[PDB]
>>> print(open('run02.txt').read())   # compact mmCIF, N, CA and C atoms
# COMPACT_ATOMS: atom_id res chain seq x y z
N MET A 1 83.62 95.48 96.61
CA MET A 1 84.20 96.40 95.58
C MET A 1 84.01 95.97 94.11
N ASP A 2 84.05 94.67 93.79
CA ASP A 2 84.17 93.58 94.76
C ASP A 2 85.60 93.40 95.27
N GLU A 3 85.77 92.58 96.29
CA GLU A 3 87.04 92.52 97.00
C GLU A 3 88.11 91.76 96.21
N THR A 4 89.25 92.42 96.01
CA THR A 4 90.40 91.81 95.34
C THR A 4 91.61 91.79 96.24
N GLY A 5 92.53 90.86 95.96
CA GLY A 5 93.83 90.85 96.59
C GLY A 5 94.77 91.73 95.78
N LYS A 6 96.06 91.44 95.90
CA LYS A 6 97.13 92.12 95.14
C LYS A 6 97.42 93.55 95.61
N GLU A 7 96.36 94.34 95.79
CA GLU A 7 96.44 95.73 96.24
C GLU A 7 97.10 95.77 97.62
N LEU A 8 98.03 96.69 97.84
CA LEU A 8 98.83 96.69 99.07
C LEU A 8 98.81 98.00 99.83
N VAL A 9 98.95 97.91 101.16
CA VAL A 9 99.16 99.08 102.00
C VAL A 9 100.33 98.81 102.95
N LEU A 10 100.89 99.86 103.53
CA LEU A 10 102.05 99.73 104.41
C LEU A 10 101.68 100.40 105.73
N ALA A 11 101.85 99.68 106.84
CA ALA A 11 101.44 100.18 108.14
C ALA A 11 102.38 101.30 108.58
N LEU A 12 101.83 102.48 108.84
CA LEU A 12 102.62 103.63 109.31
C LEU A 12 102.91 103.53 110.80
N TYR A 13 102.03 102.83 111.52
CA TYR A 13 102.08 102.77 112.99
C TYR A 13 101.78 101.37 113.49
N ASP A 14 102.23 101.07 114.72
CA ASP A 14 101.78 99.86 115.39
C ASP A 14 100.30 100.06 115.71
N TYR A 15 99.54 98.98 115.66
CA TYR A 15 98.12 99.02 115.94
C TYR A 15 97.65 97.68 116.49
N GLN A 16 97.34 97.63 117.78
CA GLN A 16 96.85 96.39 118.39
C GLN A 16 95.34 96.35 118.32
N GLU A 17 94.83 95.26 117.77
CA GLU A 17 93.40 95.13 117.47
C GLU A 17 92.55 95.43 118.70
N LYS A 18 91.45 96.17 118.50
CA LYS A 18 90.67 96.66 119.64
C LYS A 18 89.26 96.08 119.73
N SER A 19 88.97 95.16 118.80
CA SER A 19 87.73 94.39 118.81
C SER A 19 87.86 93.24 117.81
N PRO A 20 86.99 92.23 117.92
CA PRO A 20 87.13 91.07 117.03
C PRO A 20 87.14 91.37 115.53
N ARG A 21 86.49 92.44 115.09
CA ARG A 21 86.43 92.73 113.66
C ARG A 21 87.77 93.24 113.11
N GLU A 22 88.70 93.55 114.02
CA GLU A 22 89.97 94.19 113.67
C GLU A 22 91.12 93.18 113.54
N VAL A 23 92.29 93.68 113.15
CA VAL A 23 93.50 92.87 113.03
C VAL A 23 94.66 93.72 113.54
N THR A 24 95.69 93.06 114.07
CA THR A 24 96.87 93.75 114.61
C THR A 24 97.92 93.99 113.54
N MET A 25 98.45 95.21 113.53
CA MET A 25 99.53 95.62 112.64
C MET A 25 100.79 96.01 113.42
N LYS A 26 101.95 95.74 112.81
CA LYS A 26 103.23 96.28 113.25
C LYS A 26 103.68 97.30 112.22
N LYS A 27 104.23 98.41 112.69
CA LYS A 27 104.83 99.42 111.82
C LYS A 27 105.68 98.72 110.76
N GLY A 28 105.46 99.07 109.50
CA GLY A 28 106.22 98.49 108.39
C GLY A 28 105.58 97.29 107.71
N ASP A 29 104.47 96.79 108.27
CA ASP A 29 103.78 95.61 107.70
C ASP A 29 103.28 95.93 106.29
N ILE A 30 103.34 94.93 105.42
CA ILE A 30 102.74 95.03 104.10
C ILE A 30 101.47 94.22 104.18
N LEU A 31 100.35 94.92 104.03
CA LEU A 31 99.03 94.29 104.16
C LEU A 31 98.30 94.28 102.84
N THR A 32 97.63 93.17 102.56
CA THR A 32 96.77 93.08 101.38
C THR A 32 95.50 93.87 101.64
N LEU A 33 95.17 94.79 100.74
CA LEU A 33 93.97 95.62 100.90
C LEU A 33 92.80 94.98 100.18
N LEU A 34 91.81 94.55 100.95
CA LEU A 34 90.69 93.77 100.40
C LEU A 34 89.48 94.64 100.14
N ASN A 35 89.20 95.56 101.06
CA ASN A 35 88.05 96.47 100.92
C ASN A 35 88.38 97.89 101.39
N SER A 36 88.33 98.85 100.47
CA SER A 36 88.64 100.25 100.77
C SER A 36 87.49 101.16 100.31
N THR A 37 86.28 100.60 100.21
CA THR A 37 85.07 101.38 99.86
C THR A 37 84.78 102.45 100.92
N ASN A 38 85.09 102.12 102.17
CA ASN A 38 85.02 103.10 103.24
C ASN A 38 86.33 103.88 103.26
N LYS A 39 86.24 105.19 103.48
CA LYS A 39 87.43 106.03 103.49
C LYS A 39 88.19 105.94 104.81
N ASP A 40 87.52 105.52 105.88
CA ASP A 40 88.07 105.58 107.23
C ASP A 40 88.42 104.21 107.81
N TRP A 41 87.71 103.17 107.37
CA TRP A 41 87.93 101.81 107.86
C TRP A 41 88.15 100.85 106.72
N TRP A 42 89.34 100.27 106.66
CA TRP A 42 89.71 99.41 105.54
C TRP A 42 89.86 97.98 106.00
N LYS A 43 89.33 97.06 105.20
CA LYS A 43 89.52 95.63 105.43
C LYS A 43 90.84 95.19 104.78
N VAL A 44 91.73 94.66 105.62
CA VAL A 44 93.10 94.31 105.21
C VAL A 44 93.44 92.93 105.72
N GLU A 45 94.55 92.37 105.23
CA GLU A 45 94.99 91.07 105.67
C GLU A 45 96.51 91.00 105.69
N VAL A 46 97.05 90.46 106.77
CA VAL A 46 98.49 90.28 106.92
C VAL A 46 98.83 88.92 107.53
N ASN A 47 99.66 88.17 106.80
CA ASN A 47 100.01 86.80 107.20
C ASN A 47 98.74 85.97 107.47
N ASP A 48 97.77 86.09 106.57
CA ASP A 48 96.47 85.38 106.66
C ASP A 48 95.52 85.86 107.77
N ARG A 49 95.96 86.84 108.56
CA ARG A 49 95.10 87.46 109.57
C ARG A 49 94.33 88.64 108.98
N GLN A 50 93.01 88.55 109.00
CA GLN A 50 92.13 89.50 108.33
C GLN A 50 91.32 90.35 109.32
N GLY A 51 91.20 91.64 109.02
CA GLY A 51 90.31 92.50 109.80
C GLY A 51 90.28 93.94 109.33
N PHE A 52 89.44 94.75 110.00
CA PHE A 52 89.36 96.18 109.72
C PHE A 52 90.36 96.99 110.52
N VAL A 53 91.05 97.91 109.85
CA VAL A 53 91.95 98.83 110.55
C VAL A 53 91.58 100.27 110.16
N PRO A 54 92.01 101.26 110.97
CA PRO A 54 91.86 102.65 110.55
C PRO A 54 92.68 102.92 109.29
N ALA A 55 92.00 103.42 108.25
CA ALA A 55 92.64 103.72 106.98
C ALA A 55 93.73 104.77 107.17
N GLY A 56 93.53 105.67 108.13
CA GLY A 56 94.54 106.68 108.44
C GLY A 56 95.84 106.17 109.05
N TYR A 57 95.90 104.88 109.38
CA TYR A 57 97.10 104.31 110.00
C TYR A 57 97.98 103.55 108.98
N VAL A 58 97.56 103.54 107.72
CA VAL A 58 98.35 102.90 106.65
C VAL A 58 98.48 103.83 105.45
N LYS A 59 99.44 103.54 104.58
CA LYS A 59 99.51 104.23 103.29
C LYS A 59 99.27 103.26 102.14
N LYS A 60 98.40 103.65 101.23
CA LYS A 60 98.09 102.80 100.07
C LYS A 60 99.19 102.89 99.02
N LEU A 61 99.64 101.75 98.51
CA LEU A 61 100.67 101.74 97.47
C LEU A 61 100.00 101.91 96.10
N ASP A 62 100.08 103.12 95.54
CA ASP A 62 99.34 103.42 94.30
C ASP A 62 100.06 104.41 93.40
>>> encode(input="run02.txt", output="structure tokens")
Amino acid sequence: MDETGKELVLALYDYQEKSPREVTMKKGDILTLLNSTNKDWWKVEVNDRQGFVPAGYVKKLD
């Protein structure tokens, strides 16, 4: 983007990672948004765990 921290999203739903590139979310998680260049798949990080999640499963704090 280039990739920055600070930017945040909030998990709307539970989401258990479905491949190595992904990360697991719990409803209500505050995740650092690292890459949102893709509209559908966002690179996020929670408690140092990093991966791609469906962008439609979180809300961006903006």
>>> atom_distance(input="run02.txt", atom1="atom N of residue 57 in chain A", atom2="CA of residue 11 in chain A")
7.4 Å
>>> closest_residue(input="run02.txt", among="A:25, A:31, A:37, A:12", to="residue 56 in chain A", atoms="all atoms listed in the file")
A:12
>>> residues_around(input="run02.txt", residues="residue 24 in chain A", least_positions_apart="6", cutoff="6 Å", atoms="all atoms listed in the file", output="VMD selection string")
chain A and resid 15 to 17
>>> residues_around(input="run02.txt", residues="range 20-22 of chain A", least_positions_apart="6", cutoff="6.5 Å", atoms="only N, CA and C atoms", output="PDB file with N, CA and C atoms, in the coordinates of the input")
ATOM      1  N   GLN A  50      93.010  88.550 109.000  1.00  0.00           N
ATOM      2  CA  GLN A  50      92.130  89.500 108.330  1.00  0.00           C
ATOM      3  C   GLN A  50      91.320  90.350 109.320  1.00  0.00           C
ATOM      4  N   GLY A  51      91.200  91.640 109.020  1.00  0.00           N
ATOM      5  CA  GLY A  51      90.310  92.500 109.800  1.00  0.00           C
ATOM      6  C   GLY A  51      90.280  93.940 109.330  1.00  0.00           C
ATOM      7  N   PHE A  52      89.440  94.750 110.000  1.00  0.00           N
ATOM      8  CA  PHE A  52      89.360  96.180 109.720  1.00  0.00           C
ATOM      9  C   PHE A  52      90.360  96.990 110.520  1.00  0.00           C
ATOM     10  N   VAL A  53      91.050  97.910 109.850  1.00  0.00           N
ATOM     11  CA  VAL A  53      91.950  98.830 110.550  1.00  0.00           C
ATOM     12  C   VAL A  53      91.580 100.270 110.160  1.00  0.00           C
TER      13      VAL A  53
END
>>> residues_around(input="run02.txt", residues="residue 54 in chain A", least_positions_apart="4", cutoff="8 Å", atoms="all atoms listed in the file", output="tab-separated table (two decimals) with N, CA and C atoms, in the frame of the given file")
chain	number	residue	atom	x	y	z
A	22	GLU	N	88.70	93.55	114.02
A	22	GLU	CA	89.97	94.19	113.67
A	22	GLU	C	91.12	93.18	113.54
A	23	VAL	N	92.29	93.68	113.15
A	23	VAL	CA	93.50	92.87	113.03
A	23	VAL	C	94.66	93.72	113.54
A	39	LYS	N	86.24	105.19	103.48
A	39	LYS	CA	87.43	106.03	103.49
A	39	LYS	C	88.19	105.94	104.81
A	40	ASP	N	87.52	105.52	105.88
A	40	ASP	CA	88.07	105.58	107.23
A	40	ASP	C	88.42	104.21	107.81
A	41	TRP	N	87.71	103.17	107.37
A	41	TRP	CA	87.93	101.81	107.86
A	41	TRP	C	88.15	100.85	106.72
A	42	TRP	N	89.34	100.27	106.66
A	42	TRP	CA	89.71	99.41	105.54
A	42	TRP	C	89.86	97.98	106.00
A	43	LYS	N	89.33	97.06	105.20
A	43	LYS	CA	89.52	95.63	105.43
A	43	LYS	C	90.84	95.19	104.78
A	58	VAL	N	97.56	103.54	107.72
A	58	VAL	CA	98.35	102.90	106.65
A	58	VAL	C	98.48	103.83	105.45
>>> atom_distance(input="run02.txt", atom1="CA of residue 49 in chain A", atom2="CA of residue 6 in chain A")
15.3 Å
>>> atom_distance(input="run02.txt", atom1="CA of residue 47 in chain A", atom2="CA of residue 29 in chain A")
9.6 Å
>>> closest_residue(input="run02.txt", among="A:61, A:45, A:14, A:5", to="residue 30 in chain A", atoms="all atoms listed in the file")
A:45
>>> select_by_dssp(input="run02.txt", residues="chain A", states="strand (DSSP E or B)", output="mmCIF file with N, CA and C atoms, in the frame of the given file")
data_model
loop_
_atom_site.group_PDB
_atom_site.id
_atom_site.type_symbol
_atom_site.label_atom_id
_atom_site.label_comp_id
_atom_site.auth_asym_id
_atom_site.auth_seq_id
_atom_site.Cartn_x
_atom_site.Cartn_y
_atom_site.Cartn_z
ATOM 1 N N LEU A 8 98.030 96.690 97.840
ATOM 2 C CA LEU A 8 98.830 96.690 99.070
ATOM 3 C C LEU A 8 98.810 98.000 99.830
ATOM 4 N N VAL A 9 98.950 97.910 101.160
ATOM 5 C CA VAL A 9 99.160 99.080 102.000
ATOM 6 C C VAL A 9 100.330 98.810 102.950
ATOM 7 N N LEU A 10 100.890 99.860 103.530
ATOM 8 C CA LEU A 10 102.050 99.730 104.410
ATOM 9 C C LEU A 10 101.680 100.400 105.730
ATOM 10 N N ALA A 11 101.850 99.680 106.840
ATOM 11 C CA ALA A 11 101.440 100.180 108.140
ATOM 12 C C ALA A 11 102.380 101.300 108.580
ATOM 13 N N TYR A 15 99.540 98.980 115.660
ATOM 14 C CA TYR A 15 98.120 99.020 115.940
ATOM 15 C C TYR A 15 97.650 97.680 116.490
ATOM 16 N N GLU A 22 88.700 93.550 114.020
ATOM 17 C CA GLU A 22 89.970 94.190 113.670
ATOM 18 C C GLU A 22 91.120 93.180 113.540
ATOM 19 N N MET A 25 98.450 95.210 113.530
ATOM 20 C CA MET A 25 99.530 95.620 112.640
ATOM 21 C C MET A 25 100.790 96.010 113.420
ATOM 22 N N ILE A 30 103.340 94.930 105.420
ATOM 23 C CA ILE A 30 102.740 95.030 104.100
ATOM 24 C C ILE A 30 101.470 94.220 104.180
ATOM 25 N N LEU A 31 100.350 94.920 104.030
ATOM 26 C CA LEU A 31 99.030 94.290 104.160
ATOM 27 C C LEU A 31 98.300 94.280 102.840
ATOM 28 N N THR A 32 97.630 93.170 102.560
ATOM 29 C CA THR A 32 96.770 93.080 101.380
ATOM 30 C C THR A 32 95.500 93.870 101.640
ATOM 31 N N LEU A 33 95.170 94.790 100.740
ATOM 32 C CA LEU A 33 93.970 95.620 100.900
ATOM 33 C C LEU A 33 92.800 94.980 100.180
ATOM 34 N N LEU A 34 91.810 94.550 100.950
ATOM 35 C CA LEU A 34 90.690 93.770 100.400
ATOM 36 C C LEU A 34 89.480 94.640 100.140
ATOM 37 N N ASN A 35 89.200 95.560 101.060
ATOM 38 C CA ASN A 35 88.050 96.470 100.920
ATOM 39 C C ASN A 35 88.380 97.890 101.390
ATOM 40 N N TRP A 41 87.710 103.170 107.370
ATOM 41 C CA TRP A 41 87.930 101.810 107.860
ATOM 42 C C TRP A 41 88.150 100.850 106.720
ATOM 43 N N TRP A 42 89.340 100.270 106.660
ATOM 44 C CA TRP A 42 89.710 99.410 105.540
ATOM 45 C C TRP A 42 89.860 97.980 106.000
ATOM 46 N N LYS A 43 89.330 97.060 105.200
ATOM 47 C CA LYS A 43 89.520 95.630 105.430
ATOM 48 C C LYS A 43 90.840 95.190 104.780
ATOM 49 N N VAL A 44 91.730 94.660 105.620
ATOM 50 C CA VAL A 44 93.100 94.310 105.210
ATOM 51 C C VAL A 44 93.440 92.930 105.720
ATOM 52 N N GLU A 45 94.550 92.370 105.230
ATOM 53 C CA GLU A 45 94.990 91.070 105.670
ATOM 54 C C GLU A 45 96.510 91.000 105.690
ATOM 55 N N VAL A 46 97.050 90.460 106.770
ATOM 56 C CA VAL A 46 98.490 90.280 106.920
ATOM 57 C C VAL A 46 98.830 88.920 107.530
ATOM 58 N N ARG A 49 95.960 86.840 108.560
ATOM 59 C CA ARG A 49 95.100 87.460 109.570
ATOM 60 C C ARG A 49 94.330 88.640 108.980
ATOM 61 N N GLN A 50 93.010 88.550 109.000
ATOM 62 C CA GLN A 50 92.130 89.500 108.330
ATOM 63 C C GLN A 50 91.320 90.350 109.320
ATOM 64 N N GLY A 51 91.200 91.640 109.020
ATOM 65 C CA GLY A 51 90.310 92.500 109.800
ATOM 66 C C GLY A 51 90.280 93.940 109.330
ATOM 67 N N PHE A 52 89.440 94.750 110.000
ATOM 68 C CA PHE A 52 89.360 96.180 109.720
ATOM 69 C C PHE A 52 90.360 96.990 110.520
ATOM 70 N N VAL A 53 91.050 97.910 109.850
ATOM 71 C CA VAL A 53 91.950 98.830 110.550
ATOM 72 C C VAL A 53 91.580 100.270 110.160
ATOM 73 N N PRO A 54 92.010 101.260 110.970
ATOM 74 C CA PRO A 54 91.860 102.650 110.550
ATOM 75 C C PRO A 54 92.680 102.920 109.290
ATOM 76 N N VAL A 58 97.560 103.540 107.720
ATOM 77 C CA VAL A 58 98.350 102.900 106.650
ATOM 78 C C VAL A 58 98.480 103.830 105.450
ATOM 79 N N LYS A 59 99.440 103.540 104.580
ATOM 80 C CA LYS A 59 99.510 104.230 103.290
ATOM 81 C C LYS A 59 99.270 103.260 102.140
ATOM 82 N N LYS A 60 98.400 103.650 101.230
ATOM 83 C CA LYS A 60 98.090 102.800 100.070
ATOM 84 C C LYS A 60 99.190 102.890 99.020
#
>>> residues_near_point(input="run02.txt", point="(89.2, 94.2, 101.3)", cutoff="6 Å", atoms="only N, CA and C atoms", output="ChimeraX atom specification")
/A:3-4,33-36,43-44
>>> closest_residue(input="run02.txt", among="A:7, A:48, A:59, A:1", to="residue 27 in chain A", atoms="only C-alpha atoms")
A:59
>>> axis_aligned_box(input="run02.txt", around="range 10-17 of chain A", padding_each_side="5 Å", output="JSON")
{"center_x": 97.7, "center_y": 99.4, "center_z": 111.1, "size_x": 20.4, "size_y": 18.5, "size_z": 25.2}
>>> build_atoms(input="run02.txt", residues="range 42-59 of chain A", atoms="N, CA, C and O atoms", output="mmCIF file, in the frame of the given file")
data_model
loop_
_atom_site.group_PDB
_atom_site.id
_atom_site.type_symbol
_atom_site.label_atom_id
_atom_site.label_comp_id
_atom_site.auth_asym_id
_atom_site.auth_seq_id
_atom_site.Cartn_x
_atom_site.Cartn_y
_atom_site.Cartn_z
ATOM 1 N N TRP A 42 89.340 100.270 106.660
ATOM 2 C CA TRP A 42 89.710 99.410 105.540
ATOM 3 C C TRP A 42 89.860 97.980 106.000
ATOM 4 O O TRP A 42 90.468 97.714 107.038
ATOM 5 N N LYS A 43 89.330 97.060 105.200
ATOM 6 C CA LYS A 43 89.520 95.630 105.430
ATOM 7 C C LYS A 43 90.840 95.190 104.780
ATOM 8 O O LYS A 43 91.040 95.320 103.567
ATOM 9 N N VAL A 44 91.730 94.660 105.620
ATOM 10 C CA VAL A 44 93.100 94.310 105.210
ATOM 11 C C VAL A 44 93.440 92.930 105.720
ATOM 12 O O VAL A 44 92.733 92.375 106.553
ATOM 13 N N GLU A 45 94.550 92.370 105.230
ATOM 14 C CA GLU A 45 94.990 91.070 105.670
ATOM 15 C C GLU A 45 96.510 91.000 105.690
ATOM 16 O O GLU A 45 97.186 91.470 104.751
ATOM 17 N N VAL A 46 97.050 90.460 106.770
ATOM 18 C CA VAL A 46 98.490 90.280 106.920
ATOM 19 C C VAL A 46 98.830 88.920 107.530
ATOM 20 O O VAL A 46 98.352 88.573 108.614
ATOM 21 N N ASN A 47 99.660 88.170 106.800
ATOM 22 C CA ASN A 47 100.010 86.800 107.200
ATOM 23 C C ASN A 47 98.740 85.970 107.470
ATOM 24 O O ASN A 47 98.650 85.264 108.480
ATOM 25 N N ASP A 48 97.770 86.090 106.570
ATOM 26 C CA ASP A 48 96.470 85.380 106.660
ATOM 27 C C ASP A 48 95.520 85.860 107.770
ATOM 28 O O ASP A 48 94.403 85.349 107.885
ATOM 29 N N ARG A 49 95.960 86.840 108.560
ATOM 30 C CA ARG A 49 95.100 87.460 109.570
ATOM 31 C C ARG A 49 94.330 88.640 108.980
ATOM 32 O O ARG A 49 94.933 89.612 108.525
ATOM 33 N N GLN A 50 93.010 88.550 109.000
ATOM 34 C CA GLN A 50 92.130 89.500 108.330
ATOM 35 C C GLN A 50 91.320 90.350 109.320
ATOM 36 O O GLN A 50 90.790 89.845 110.323
ATOM 37 N N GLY A 51 91.200 91.640 109.020
ATOM 38 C CA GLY A 51 90.310 92.500 109.800
ATOM 39 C C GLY A 51 90.280 93.940 109.330
ATOM 40 O O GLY A 51 90.987 94.321 108.382
ATOM 41 N N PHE A 52 89.440 94.750 110.000
ATOM 42 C CA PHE A 52 89.360 96.180 109.720
ATOM 43 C C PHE A 52 90.360 96.990 110.520
ATOM 44 O O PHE A 52 90.521 96.796 111.718
ATOM 45 N N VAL A 53 91.050 97.910 109.850
ATOM 46 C CA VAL A 53 91.950 98.830 110.550
ATOM 47 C C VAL A 53 91.580 100.270 110.160
ATOM 48 O O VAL A 53 90.925 100.467 109.129
ATOM 49 N N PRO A 54 92.010 101.260 110.970
ATOM 50 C CA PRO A 54 91.860 102.650 110.550
ATOM 51 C C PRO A 54 92.680 102.920 109.290
ATOM 52 O O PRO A 54 93.887 102.635 109.244
ATOM 53 N N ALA A 55 92.000 103.420 108.250
ATOM 54 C CA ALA A 55 92.640 103.720 106.980
ATOM 55 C C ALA A 55 93.730 104.770 107.170
ATOM 56 O O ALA A 55 94.740 104.758 106.464
ATOM 57 N N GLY A 56 93.530 105.670 108.130
ATOM 58 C CA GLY A 56 94.540 106.680 108.440
ATOM 59 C C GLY A 56 95.840 106.170 109.050
ATOM 60 O O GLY A 56 96.779 106.942 109.254
ATOM 61 N N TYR A 57 95.900 104.880 109.380
ATOM 62 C CA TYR A 57 97.100 104.310 110.000
ATOM 63 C C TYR A 57 97.980 103.550 108.980
ATOM 64 O O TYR A 57 99.017 102.981 109.342
ATOM 65 N N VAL A 58 97.560 103.540 107.720
ATOM 66 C CA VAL A 58 98.350 102.900 106.650
ATOM 67 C C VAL A 58 98.480 103.830 105.450
ATOM 68 O O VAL A 58 97.707 104.803 105.327
ATOM 69 N N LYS A 59 99.440 103.540 104.580
ATOM 70 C CA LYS A 59 99.510 104.230 103.290
ATOM 71 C C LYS A 59 99.270 103.260 102.140
ATOM 72 O O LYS A 59 99.873 102.170 102.087
#
